[PDB]
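*Asks:* Handing you this structure, nothing more for now.
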Amino acid sequence: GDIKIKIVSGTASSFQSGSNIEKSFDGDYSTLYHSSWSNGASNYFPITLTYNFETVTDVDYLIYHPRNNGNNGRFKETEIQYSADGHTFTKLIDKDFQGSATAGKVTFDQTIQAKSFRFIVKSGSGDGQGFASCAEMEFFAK
Ligand SMILES: CC(=O)N[C@H]1[C@@H](O[C@H](C)[C@H](N)C(=O)O)O[C@H](CO)[C@H](O)[C@@H]1O[C@@H]1O[C@H](CO)[C@H](O)[C@H](O)[C@H]1O
Ligand SMILES: [Ca+2]
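Numbering of the sequence shown is given in our numbering, commencing with residue 1105 and proceeding in unit increments.
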């Protein structure tokens, strides 16, 4: 069957203390990555999230898992990027997660060779202008 790719590290351009990026790859669907609660700035969005593998890897699809209760931070419009070496990034696709309360699967047209994936989150649901949050982010090869 399908094989889950191991995320070894990541970064977030915005995070609330204790809700940094690595909380969205701890295998726990209740723990959250969550952007900073100070979401008033005009340049608060976009919020840029990066997930790293140990080495360049074949990847066929991903699944974004939003928080399964509460509405703050469910992804809306995003740009998905990836990098073969972890340094230079390439646009994959624009993906609108629609502020959905359930998981969003993105299936790539062809297998990608990526050491890193990157999400430019343009918008997300929630109070005020919104937030960005994620219970778990997953990557798979077929
Ligand atoms: C559980 C809940 O709905 N909390 C929201 C609520 O918080 C009030 C003030 C209080 N702490 C409580 O009822 O528990 O109302 C505020 C808006 O004032 C906010 O929506 C609370 O949600 C939380 O918002 C923060 C960011 O400000 C995070 O997104 C938390 O995950 C979220 O629960
Ligand atoms: Ca988690």
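Each residue gets a CB set at the ideal place from its N, CA and C atoms; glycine is no exception.
Could you tell me the distance, in whole angstroms, from the CA atom of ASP1132 to the CA atom of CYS1238?
*Replies:* 11 Å
*Asks:* Would you say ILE1111 and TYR1155 are within 9 Å of each other, going by their C-beta atoms?
*Replies:* yes
*Asks:* Can you tell me the Cα-Cα spacing of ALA1205 and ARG1178, whole angstroms?
*Replies:* 7 Å
*Asks:* Where does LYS1127 fall in DSSP's three states?
*Replies:* helix
*Asks:* Between the Cα of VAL1225 and those of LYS1127, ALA1116, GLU1183 and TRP1141, spot the shortest distance and give me the residue it belongs to.
*Replies:* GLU1183
*Asks:* So does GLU1158 have its beta carbon nearer than 8 Å to some heavy atom of ligand 2?
*Replies:* no
*Asks:* Three-state secondary structure (DSSP) at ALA1116?
*Replies:* strand
*Asks:* Count the other CB atoms, across all protein chains shown, that sit within 10 Å of the CB of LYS1180; report buried if there are 16 or more and exposed otherwise.
*Replies:* buried
*Asks:* Determine the direct distance from the alpha carbon of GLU1242 to that of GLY1122, and round the result to whole angstroms.
*Replies:* 20 Å
*Asks:* When you compare the CB positions of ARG1222 and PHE1193, do they come within less than 9 Å of one another, or not?
*Replies:* yes
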